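Included below are structure tokens for two forms of one protein chain, each presented in isolation as structure 1 and structure 2.
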Structure 1
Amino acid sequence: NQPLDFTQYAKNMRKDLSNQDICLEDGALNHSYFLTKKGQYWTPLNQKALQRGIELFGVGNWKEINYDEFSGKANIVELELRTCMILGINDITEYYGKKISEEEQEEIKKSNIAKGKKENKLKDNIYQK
């Protein structure tokens, strides 16, 4: 018979016994977590968490949004680092204290990408001003 090819077999084991943060869909190693150090990966649960938490709460102050959050692996510096991409712009000083829903956030993200492409200075989705 077949000598137990290991791809789908390992996929089934990762479905069964491995951690939920290592396998996505049916079978995937989730390489984005084995190249980053332990405790800091920003799971899709965290992504949706801050995506739903940037609204209905005062932006700028991340202590008050982290008090009602997990209060775990949610350090502030990662929050200001990864909220920039949701905005699309590195600078946040002009975008303090105002709340914008997710679809308009994606709209202004696309607008920032387009203006960076037209201004031929984009550096991997990141626009500087």
Structure 2
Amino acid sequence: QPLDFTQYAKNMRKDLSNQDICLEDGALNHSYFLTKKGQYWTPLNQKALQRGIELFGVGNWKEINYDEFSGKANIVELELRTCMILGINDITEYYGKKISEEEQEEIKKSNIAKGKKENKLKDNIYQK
């Protein structure tokens, strides 16, 4: 019987490829291949940034980069990524919340609803 190439590829990538190249299910991670080498935002990086948003101060990316990250991440990268989380293009109004991690999705949904009502969806980021 001929070998199923999709299943064979899934098994090979799950067994012996990197965590960024493959996924938990074994499907190919297109996100790693649509970004430059080294400039990839792993889910671990996003989880670390989400931890540092309310573990540390929003805006003080020196402390978040040195402590929560390994000190090898761009400050502009971190600011842009938390802009993605907050759903807004200006995190200046949200400087230093530091209350709890369990409502970041809540303010994201609030910004999404505001953009939908004010016709400022703009690829899931409310324009301010």
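Whichever C-alpha set is largest while still superposing within 1.5 Å between the two forms counts as the rigid core. Only residues modelled in both forms are compared. Here, a residue number simply tells you its place in the sequence of structure 1, counted from 1.
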Which one of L81, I100, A49, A28, by Cα shift of 2 Å or more between structure 1 and structure 2, core superposed: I100
Cα displacement of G39 between structure 1 and structure 2 reaching 2 Å, rigid core superposed: no
Core-aligned Cα shift of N120 between structure 1 and structure 2, given in Å: 1.7
Rigid-core-fitted C-alpha displacement of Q8 between structure 1 and structure 2 (angstrom): 0.7
Shift in Å of the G72 Cα between structure 1 and structure 2 [rigid core superposition]: 5.2
Regions of at least 3 residues displaced between structure 1 and structure 2 by 2 angstroms or more (CA, core superposed): 69-73, 100-103
